[PDB]
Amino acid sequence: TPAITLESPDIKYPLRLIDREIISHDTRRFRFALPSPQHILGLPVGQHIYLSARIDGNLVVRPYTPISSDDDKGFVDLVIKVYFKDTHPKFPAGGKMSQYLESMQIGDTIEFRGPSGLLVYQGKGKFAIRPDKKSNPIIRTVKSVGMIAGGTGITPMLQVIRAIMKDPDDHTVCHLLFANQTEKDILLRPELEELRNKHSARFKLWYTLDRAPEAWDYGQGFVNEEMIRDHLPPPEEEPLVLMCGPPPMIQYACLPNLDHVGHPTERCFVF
């Protein structure tokens, strides 16, 4: 009988930072305390939360999908990539929210709001997808799910992958195509490969890198038509195709190539 954190979609909940673990040069795991050790977040699979803060005199809000689930009591874990200032020539200021998180000290609060998102996984292949906030969800059961992720776009995918895999009577097959800049930028790799080794019948996994290392058994370059053809389920299976990554990745690498392969837009969803 766990108390729920996100009781109302219109309340901001200030949660305290209680751990900070360095994952890579620019990525971290941040753990926040829920209101009590017995609370759960209350975040339906397929949905995300928003973080909000006053940054440079304006309210800034950004979506994040936790790596924790409603099974976890008393905490929420976020994996965050920091866009550092004075690093990119065309973006000297860096990223607003990610750097706010980066500067947070133990005990500092940040406000959570949700749940949010047009898609909810209802289990055993069933997805409930609203065309917009104001409309009812369309219910469609699928045998397989294609997933294309770039960078932190992995988190909405992992959330769904984990939900499917932990249900032994969920026979949905997930095919993930995961793109990153360099090998060191592949987030949650041990977790993904642990799941693939355990659930290989239901989980297919493929990587591509903008720049690959000398020893590399996967893809290199940008996501393209052949990669989607070979590493996502065929259009005949009528899969749902999920996408999360930088908007230009969706626009140039994903949409046109899904069109080539023959996945119709009505069976595609961008987180």
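One rule holds for the numbers: they count along the sequence shown, beginning at 1.
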Check your understanding: If you average the Cα B factors in the entry, which is higher, 80 to 88 or 120 to 128?
Key -> 80 to 88
Exercise for review: Mind pulling up the entry and telling me whether 131 to 139 or 105 to 113 has the higher mean Cα temperature factor?
Suggested key: 131 to 139
Review point. Based on the PDB record, which member of 40, 223, 215, 240 exhibits the highest Cα temperature factor?
Key: 215
Review point. Which one of 245, 66, 57, 46 shows the top CA temperature factor in the record?
Key: 57
Revision key, fill the gap. Chain-relative C-alpha B factor for residue 182 (record values, thirds): the middle
Point to revise | Ranked C-alpha temperature factor of residue 168 among modelled chain residues, by third | key: highest
Check your understanding: Compared with the other modelled residues in the chain, in which third is the CA B-factor of residue 190?
Key -> middle
Point to revise | residue 151 - which third its CA temperature factor falls in, relative to the rest of the chain | key: lowest
Practice item. Using the B-factor values recorded in the entry, state whether the Cα atom of residue 27 falls in the lowest, middle or highest third among the modelled residues of its chain. Key: middle
